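As given, the protein sequences belong to chains X and G, one line each in that order.
Those letters in the first sequence? Residues 307 to 354, 366 to 502, 520 to 778, 787 to 824, 839 to 909, per UniProt numbering, in order.
Those letters in the second sequence? Residues 306 to 354, 367 to 502, 520 to 776, 786 to 826, 843 to 911, per UniProt numbering, in order.
Beta carbons are placed, not taken as given, at the ideal position from N, Cα and C, and that holds for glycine.
Report on the following structure.
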Amino acid sequence: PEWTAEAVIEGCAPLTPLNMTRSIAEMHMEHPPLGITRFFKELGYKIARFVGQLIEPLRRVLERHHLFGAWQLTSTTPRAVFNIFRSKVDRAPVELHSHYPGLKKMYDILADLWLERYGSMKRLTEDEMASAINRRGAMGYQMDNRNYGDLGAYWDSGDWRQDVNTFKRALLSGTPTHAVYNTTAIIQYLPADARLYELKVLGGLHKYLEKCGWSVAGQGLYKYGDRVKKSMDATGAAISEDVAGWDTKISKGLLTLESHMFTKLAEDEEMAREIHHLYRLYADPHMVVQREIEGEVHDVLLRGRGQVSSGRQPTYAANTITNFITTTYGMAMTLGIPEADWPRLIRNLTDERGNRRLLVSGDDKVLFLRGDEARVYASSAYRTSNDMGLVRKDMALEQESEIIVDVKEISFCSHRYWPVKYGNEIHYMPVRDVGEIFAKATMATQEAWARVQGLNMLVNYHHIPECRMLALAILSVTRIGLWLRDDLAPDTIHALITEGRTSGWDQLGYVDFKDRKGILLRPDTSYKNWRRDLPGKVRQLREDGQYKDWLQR
Amino acid sequence: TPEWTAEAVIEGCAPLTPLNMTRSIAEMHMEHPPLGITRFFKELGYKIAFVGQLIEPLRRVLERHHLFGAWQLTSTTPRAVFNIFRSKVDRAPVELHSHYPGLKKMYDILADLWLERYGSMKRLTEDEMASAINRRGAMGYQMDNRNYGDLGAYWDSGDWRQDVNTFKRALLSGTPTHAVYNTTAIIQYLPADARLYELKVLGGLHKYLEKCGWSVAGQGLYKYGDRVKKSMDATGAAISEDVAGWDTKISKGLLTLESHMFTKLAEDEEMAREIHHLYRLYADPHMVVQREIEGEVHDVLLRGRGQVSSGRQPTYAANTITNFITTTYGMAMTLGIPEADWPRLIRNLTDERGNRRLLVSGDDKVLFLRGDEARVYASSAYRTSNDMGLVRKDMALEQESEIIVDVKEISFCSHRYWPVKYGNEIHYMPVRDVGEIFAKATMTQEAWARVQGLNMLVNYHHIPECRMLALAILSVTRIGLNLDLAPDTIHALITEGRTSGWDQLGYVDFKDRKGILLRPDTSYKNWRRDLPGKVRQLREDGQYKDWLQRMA
Ligand SMILES: [Se]
């Protein structure tokens, strides 16, 4: 119903709403709006086998002492879909605060460092686009009638070349086609022709992130732990605070600074107008979310103001940049760093020099500081993020930050990092609750998709014994011939970790036996019987194809 | 029509039987039948066709009183290349002699010692390769059509990854691709993909040598004199004898022992097959040399048997191993050391214990012995090396060896070594004819010159004219090229940081500044006089620093 006024950000082109009458009509609303949301404006509504068996003998201890989670409601009813929307998404971002000129100055600094060092940003190419799509992606309501199976099918047909140009021409006129977000359970995504356009236009942001020492873009999970140890060694204190529902809290004001920075990176004038028009869409999101009232399912069209959508490929790069800026800003403000040193500050963070480091990935971030500046930051830095509504999760509003002094306690990208011996080298490797690893590996071509999880798990989680054995069991049960290949050997793994200074199955280390507790499986009777029965269990599932014995390693 | 002698059949060793060279020979595009005017090689066919300006005031003195010549002022006509080759390379190695059983035992003893102590040998990693290749290296005729600029452009492209596997797979099949040597003026080399493969397979030999007390592998030249003094201090006499054209005299029989030894070092059986197949190539060398007859330039494909090519990355490591084994075998035989003590002898030479010491680098060797055993070695040890054709350069066949008793008379790696005082320490530093030093040092051009400036300052600061030129080079080249050095780095290399400053970097004595070193006469003083102005005259738009201030 009643929105606050927007912020007036000097020096920035405003994200004026586009003419959405064409895109709204493609959704085919029938009935007037009910209006039961507190921030979103309703405009109208219309009437609507391999990994699992391999881990089944471990399922009971995984449900009881770990986060396997058989408590998945499977089908999210339309009533539950709307309930999640109303509690998590239907909340007004904080638009009015006094930090935009400071934040803008830092967006400008980062943009200038990037142009100075690496030049202007280009649209993605077809091969760069081809390597980045989720071929399993959905088509969207506005394009189901064209009958493609998914994104990969619609990509292979080459029909996207004309839809993307059609989408681009409609967007640049001010009256876009296919501009209304679809939702699933809340994941928000535009139709597939819109997603290839925004991937082509903004996909280059990832390239800059590959050059920044405070980003992990284009690095394997196996590289993260040493980066955490490296940053911790140069500082000694870390602050890792998650924000509750980060996507839902980004303001239209911050999106304006995002658009302003990205247009500044555009190589030509037209590309800048494309980026700007994409953000006119983003800051004025229209989406269709299901409800259920009196046994009747509705598709509900709702209008919001400037949040961040789940299923846009640029979101990761965009969230990563904005999380870095806002964190460095609040940090610089709290520590009293003068504006004149802000260029050196961003430069140093990018180059990993000095005694302050950041690691940022999406809404996930770790701030590294010396002991004295950590205490200063911990006592008051929350005041600035609270002004912008970036409220920290599971903490009281004004609780002082927890200061981490043990590198094994630093959580980042949902993992902690422990030292694992590789020959005479030590490298920090990821650990999380093995229920979560196993849950992803089995839910989150079925024999084809299973063999990827086995290849994934062996490279990334070989130091967790149960993860190596499930990986070797997956590889023994999936058939041959369906960076990591059928010929995946330790030499491939040692090159990723130690650049080939180690070799052989013998030099792939494990975690200490004492720490195989808590998040990892305690080696108990259920574990021993799983291991004892594992070779017998790989033989009963094998069918038809040719196979190799892996558990012997 | 050259008629080779019989080969040698060495017991216990896999023979280096020739490879099917048909495919690799066909890659050279030969057009005409052989002329056949070589005495040893068999012709198969033929086909048709900054620093400089800084030292210029010393050009006259360097050309008359030192070994400078007129650098980069002449090139070699094709007739001259073939004369060079016909005189130096076209000579049969000595394959038939009685020393192969004794030599194999020591090859076996050394291989067993390394395995026991340091484990098996692995192929180099991609970082290990990258940090050892010669980026300006040539591509080879068989690879010019791929339009790479040099080896670095080839390496940075990542196209080498499959070519090396393609080379590997052709080699192991017995019919290699790209196995014929190219030549330049005589340096011989395979195409760039082959040199990456052979560096990958055999590049690990270097790691073994860095652990041997008789090797200077992976040590800077600034460490050599102290090694010479330390070996001299433990012995009292030295014999330093150069072999004329060492590469041209290694036999196929000796290559069979090298291959035999390195296959034993391999960490798995397919590595062993790769090494042996590479030596099936080395022992059966095909190369293309130029010649000129009646005004017509030829590319002549020639086939020989079992000598050593220089444009091969493992050649250094292989040569110093064989140099050590043949020298250790000759000394043991001549001194009457029984076979049962050969394991301890090799171990002791590796550990720098006992009263016999060796220093080996390529074909350069110095044998350190007590005065008594030095007399025995000098009077007959040449018999054994003459038997293997390793004839000593510039001496009669049976001239007794020169016995050296003054540590400063010892030549090793083209240098002699004089004591230079660093604070209260003495360290032996390399000296040679400064005409050679300046000649060796004479875009990428400015970057290259500045590296010669940093190298010369590190290695030759004790030579005054060398320090001054290096400081001049450091003042005339920009800051920030693609190569901050201070004396704190130099002392760290020489005295482990026990000394410090410019004022503790020693000089040679004034009296010894003659002969090989420049005499500080009128040409020298005028050169020093005009150097600051020539430095300013040669500067271009970069950011420079003055270095001449660090002397006078
Ligand atoms: Se395992």
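Any beta carbon from chain G within less than 7 Å of X:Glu-601's own beta carbon? Locating residue 601 of chain X in the first sequence gives position 267, counting from the first residue. Cβ-Cβ to chain G under 7 Å: no for X:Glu-601.
Could you tell me if X:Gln-624 is buried or exposed, where buried requires 16 or more neighbouring beta carbons within 10 angstroms of its beta carbon? As a first step, residue 624 of chain X is located in the first sequence; it is residue number 290 there, counting from the start. Burial call: buried.
Chain G contacts from the segment 844-862 of chain X (Cβ-Cβ distance under 8 Å): Those would be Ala-851, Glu-855, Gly-856, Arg-857 and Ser-859, in chain order.
Show which residues of chain X have a CB atom less than 8 Å away from the CB atom of G:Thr-442. The residue given as residue 442 of chain G occupies position 125 in the second sequence. Simply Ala-851, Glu-855, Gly-856 and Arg-857.
Which residues end up in the neighbourhood of ligand 1 when you take C-beta atoms closer than 5 Å to any of its heavy atoms? Cβ atoms closer than 5 Å to ligand 1 belong to X:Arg-810 and X:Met-811.
If you draw a straight line from the alpha carbon of G:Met-621 to that of X:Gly-901, how long is it in whole angstroms? Stepping through the second sequence from its first residue, residue 621 of chain G is reached at position 287. Stepping through the first sequence from its first residue, residue 901 of chain X is reached at position 545. The straight-line gap from Cα to Cα measures roughly 50 Å.
Report the residue ranges of all beta strand (DSSP E) runs contained in full by the segment 401-479 of chain X; include only those spanning at least 3 residues, in chain order. Entirely contained in the segment 401-479 of chain X, not one beta strand (DSSP E) run reaches 3 residues.
If the criterion is Cβ atoms closer than 7 Å, does the pair X:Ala-617 and X:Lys-586 meet it? The residue you call residue 617 of chain X lines up with position 283 of the first sequence. The residue you call residue 586 of chain X lines up with position 252 of the first sequence. Yes, these two residues count as a Cβ contact at 7 Å.
By Cβ distance below 6 Å, which residues in the same chain neighbour X:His-540 in space, the five residues on each side in sequence not counted? Taking the first sequence and counting its residues from 1, one reaches residue 540 of chain X at position 206. Only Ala-551 and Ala-651 meet the Cβ criterion.
Where does the unbroken alpha helix (DSSP H) through X:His-495 begin, and where does it stop? The sequence position of residue 495 of chain X within the first sequence is 178, counting from 1. That residue, X:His-495, is in no alpha helix (DSSP H); it is neither H nor E in DSSP.
Status (buried if at least 16 other CB within 10 Å, exposed otherwise) for X:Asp-698: In the first sequence, the residue the question calls residue 698 of chain X occupies position 364. X:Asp-698 counts as buried, since at least 16 other C-beta atoms from the protein chains shown sit within 10 angstroms of its C-beta.
Given this structure, state the Cα-to-Cα distance separating G:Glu-348 from G:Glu-445, to the nearest angstrom. For the purposes of this step, residue 348 of chain G is identified with residue 43 of the second sequence, where counting begins at 1. For the purposes of this step, residue 445 of chain G is identified with residue 128 of the second sequence, where counting begins at 1. Approximately 38 Å between the Cα atoms of the pair.
Limits of the unbroken beta strand (DSSP E) element including G:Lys-755: Here the question's residue 755 of chain G lines up with position 421 in the second sequence. For G:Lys-755, the enclosing beta strand (DSSP E) stretches over residues 750-756.
Among X:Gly-491, X:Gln-553 and X:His-495, the one whose alpha carbon lies nearest that of X:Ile-853: What you label residue 853 of chain X is simply residue 497 of the first sequence in a count that begins at 1. The residue with the shortest Cα to Cα distance from X:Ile-853 is X:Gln-553.
Given a cut-off of 7 Å on the beta-carbon distance, is the pair G:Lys-598 and G:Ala-428 in contact? Reading the second sequence from its first residue, position 264 is the one you call residue 598 of chain G. Reading the second sequence from its first residue, position 111 is the one you call residue 428 of chain G. Yes. Within cutoff.
For X:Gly-705, count neighbouring C-beta atoms within 10 Å of its own C-beta (all shown protein chains included) and say buried if the count is 16 or more, exposed if not. For the purposes of this step, residue 705 of chain X is taken as the residue at position 371 of the first sequence. Burial call: exposed.
Proximity to X:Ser-882 [Cα-Cα], best of X:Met-333, X:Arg-376, X:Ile-353 and X:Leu-340: Position 526 of the first sequence, counting from 1, holds the residue named residue 882 of chain X. Ranking X:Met-333, X:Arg-376, X:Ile-353 and X:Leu-340 by CA distance to the CA of X:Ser-882 puts X:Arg-376 first.
So which residues of chain X does G:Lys-439 contact, with C-beta pairs closer than 8 Å? Taking the first residue of the second sequence as position 1, residue 439 of chain G is located at position 122. In chain order: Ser-859.
Would you please state the rounded distance, in angstroms, between the beta carbons of G:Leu-432 and G:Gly-538? I believe it to be under 8 Å. Here residue 432 of chain G refers to the residue found at position 115 of the second sequence. Here residue 538 of chain G refers to the residue found at position 204 of the second sequence. No, G:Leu-432 and G:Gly-538 are not in contact; Cβ-Cβ is about 13 Å, not under 8 Å.
So what does DSSP say about X:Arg-872, is it helix, strand or coil? Along the first sequence, one-based indexing puts residue 872 of chain X at 516. Three-state result, X:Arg-872: coil.
From the DSSP output, read off the bridge partner residues of G:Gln-522. As a position in the second sequence, residue 522 of chain G is number 188, starting the count at 1. Beta-bridge pairing links G:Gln-522 to G:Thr-500.
Can you tell me whether DSSP reads G:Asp-767 as helix, strand or coil? If you number the second sequence from 1, residue 767 of chain G lands on position 433. Looking at G:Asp-767 - three-state DSSP - the assignment turns out to be coil, as it is neither helix nor strand.
How many Å lie between X:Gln-522 and X:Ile-744 at the Cα? Position 188 of the first sequence, counting from 1, holds the residue named residue 522 of chain X. Position 410 of the first sequence, counting from 1, holds the residue named residue 744 of chain X. Taking the straight line from one Cα to the other gives about 30 Å.
Option in X:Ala-815, X:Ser-748 and X:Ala-666 with minimal Cα separation from X:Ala-712: Here residue 712 of chain X refers to the residue found at position 378 of the first sequence. Per the Cα distances, X:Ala-666.
Tell me X:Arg-691's beta-bridge partners as DSSP assigns them. By one-based count along the first sequence, residue 691 of chain X stands at place 357. When beta bridges are read from the DSSP output, X:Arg-691 appears opposite X:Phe-702.
Backbone CA spacing between X:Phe-346 and X:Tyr-663 [nearest angstrom]: For the purposes of this step, residue 346 of chain X is taken as residue 40 along the first sequence, with counting starting at 1. For the purposes of this step, residue 663 of chain X is taken as residue 329 along the first sequence, with counting starting at 1. Going from the Cα of X:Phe-346 to the Cα of X:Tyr-663 covers about 30 Å.
Do the CB positions of X:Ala-606 and X:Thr-668 come within less than 7 Å of each other? As a working mapping, residue 606 of chain X is identified with position 272 in the first sequence. As a working mapping, residue 668 of chain X is identified with position 334 in the first sequence. Their beta carbons are not under 7 Å apart, which means X:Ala-606 does not touch X:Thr-668 by this criterion.
So with Cβ pairs under 7 Å, would you call G:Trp-388 a contact of chain B? Any reference to chain B falls outside this structure, whose protein chains are X and G.
Taking all protein chains shown into account, do 16 or more other C-beta atoms lie within 10 angstroms of the C-beta of X:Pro-648, making it buried, or fewer, making it exposed? Against the first sequence, residue 648 of chain X aligns to sequence position 314. Residue burial annotation: X:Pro-648 is buried, with at least 16 other C-beta atoms found within 10 angstroms of its C-beta.
X:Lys-583 in three-state terms, based on DSSP: As a working note, residue 583 of chain X is residue 249 in the first sequence. If DSSP states are grouped into helix, strand and coil, X:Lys-583 belongs with the helices.
With respect to the alpha helix (DSSP H) encompassing G:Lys-564, which residues constitute its N-terminal and C-terminal limits? The residue given as residue 564 of chain G occupies position 230 in the second sequence. Run containing G:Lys-564: 558-567, per the alpha helix (DSSP H) assignment.
Might you give, ordered along the chain, the residues of its own chain that have their beta carbon closer than 8 Å to the beta carbon of G:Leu-907, omitting 5 neighbours on each side? Residue 907 of chain G sits at position 548 when you count from the first residue of the second sequence. Answer for G:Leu-907: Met-811, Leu-814, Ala-815, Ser-818, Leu-890, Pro-891 and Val-894, listed in chain order.
Along the chain, where does the alpha helix (DSSP H) containing G:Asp-847 start, and where does it finish? Your numbering for residue 847 of chain G matches position 488 in the second sequence. In the DSSP assignment, G:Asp-847 falls within the unbroken alpha helix (DSSP H) covering 846-853.
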